[PDB]
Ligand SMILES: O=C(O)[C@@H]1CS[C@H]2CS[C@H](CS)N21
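In the block that follows, a single chain appears as C-alpha cells, in the form deposited without the named molecule.
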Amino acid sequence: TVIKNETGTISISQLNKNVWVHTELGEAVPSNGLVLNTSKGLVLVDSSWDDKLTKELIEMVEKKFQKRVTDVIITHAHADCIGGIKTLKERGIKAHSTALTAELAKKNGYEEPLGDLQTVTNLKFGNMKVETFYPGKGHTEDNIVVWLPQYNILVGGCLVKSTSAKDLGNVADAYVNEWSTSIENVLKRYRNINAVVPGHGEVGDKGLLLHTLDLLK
C-alpha cells in the first residue's frame, strides 16, 4: 500500500508491518528514507530536501499514525538528508548523527544534529531495533548505513545506487577510490541481507551493493 500527497511530491510505501519507505521529490529528483512505526512514536531515517518538504512529511506520518515523530537518523550532511534540520529541532525531534556528520552540517550552513552516533550504534525504540554503522568514506566522507536486525533490511543511502542507475551522482565530495572498500565492509558485516533501500530508486537486495561496486570498477 502507498499513500501520497495531493501534490505527488511525497509518498510513503509500506515494506512490512512497522516499516515504510518515504520518498520526496526535490526536473524533480526522488530521495528515499524510512518511517518506523513503534509503540513509542515514529522514527525516521533521514529527513527531506528542505524544511517545507520535511514539515509536510512529518505532518503526513503523524496524522496517519496519530503519533509524534520522536527521532530521525541523519545518514549524511547533504540536503536530501539533512535539508529540514531546522524543522526537526523546533518540533523537539532528536536528530541523531555521527560527530563527523554534525561538523560537516555546520560547515554546509545547516543547523547541526546531535553528533551522538558512534561507528557502531544500536538503538531501540519500543520494540523496534535499529543499528547504525559507519563503513568508511564513499559517496560522502561521513555516510553511514542503517540496519534493522529484526527484518535484515539495510538502508544503504547514497552509498548504494539503484538497479537502473548508471551514474554515481555528485562525486565532488566523494571518495571514489575508498567507496568500494566501504561497501565491502558492509557486505562483510551483514552476511544475510534481505532487502536493501537505495538513496533513491526502488528497493532491491544485496544485488544493489554488487551493482554499485560494478559502477565503481
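Just count from 1 along the sequence shown to find any residue number.
Unmodelled residues of the deposited sequence between neighbouring positions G169 and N170 number none; the chain is continuous.
The question of which stretch, 45-53 or 161-169, has the higher mean Cα B factor is settled in favour of 45-53. Mean C-alpha B-factor is higher over 101-109 than over the other stretch, the pair under comparison being 101-109 and 140-148. In this entry, the residue among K206, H22, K17, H200 with the greatest C-alpha B factor is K17. For the set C81, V120, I93, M128, the PDB entry assigns the largest Cα B-factor to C81. In the deposited entry, the Cα temperature factor of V29 sits in the top third of values across the chain's modelled residues. Sort the chain's modelled residues by C-alpha temperature factor and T75 lands in the middle third, per the entry. For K40, the recorded CA temperature factor ranks within the highest third of the chain's modelled residues.
In this PDB entry, the Cα temperature factor of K188 sits in the middle third of its chain's modelled residues.
Keep in mind that the form solved in complex with the named molecule is missing from the display, and what follows is about it.
Exactly one listed residue, out of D80, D71, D142, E112, brings a non-hydrogen atom to within 4.5 Å of the named molecule in the deposited complex: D80. At the 4.5 Å threshold, heavy atoms of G41 stay clear of the named molecule in the deposited complex, well away from it.
The closest non-hydrogen atom of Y190 lies beyond 4.5 Å of the named molecule in the deposited complex. In the deposited complex, the named molecule lies farther than 4.5 Å from every heavy atom of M60. Among residues of the shown chain, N170 is one whose heavy atoms approach the named molecule to within 4.5 Å in the deposited complex.
For the three marked residues, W49, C158 and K161, a heavy atom of each sits within 4.5 Å of the named molecule in the deposited complex. This chain is displayed without the named molecule, yet in the deposited complex the stretch 72-80 from 72-80, 113-121, 97-105, 128-136 comes within 4.5 Å of it by heavy atoms.
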